[PDB]
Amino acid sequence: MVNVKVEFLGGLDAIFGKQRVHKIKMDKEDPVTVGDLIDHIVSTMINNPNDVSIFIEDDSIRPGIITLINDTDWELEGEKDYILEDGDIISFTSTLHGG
C-alpha cells in the first residue's frame, strides 16, 4: 500500500467536489504507478461521469493540465510509468494554453 497526496489546481477541483487536496490510499502492492493512480482517480473520485473528459483524453491526462510529481514536471519522471513512494505529492493544474 502507498499513501499519496493529490492536488487539483487551476479550477480542476470543480470536478473533484470543489476540494483541492486529497489523501489517497492505494491498496495495490508495489509497484504502483502514476498510471494506476490515474485509473483509480477516474473510476472512484469523479462523481459525475460526464466530467471524465475534462481530466482524460486517450487513457491519458488531457493536454492543458500540468502534472507534477513532488513539484517536478512528470515528463521528467516517466509520466504514467513513475513508481509511487509513500508521501509523494501529485498535482494536476488546469491551464489555458499549457497544452
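Throughout, we count residues from 1 along the sequence that is shown.
Of the two segments, 17 to 25 and 87 to 95, the one listed with the higher mean B-factor is 17 to 25 (C-alpha atoms only). Looking at mean Cα B-factors across 65 to 73 and 52 to 60, the upper value is held by 52 to 60. Among the modelled residues of its chain, residue 4 has a C-alpha B-factor that falls in the middle third, as given in the PDB entry.
In the PDB entry, a CA B factor belonging to the highest third of its chain's modelled residues is recorded for residue 78. When the modelled residues of the chain are ordered by C-alpha B-factor, residue 44 sits in the middle third.
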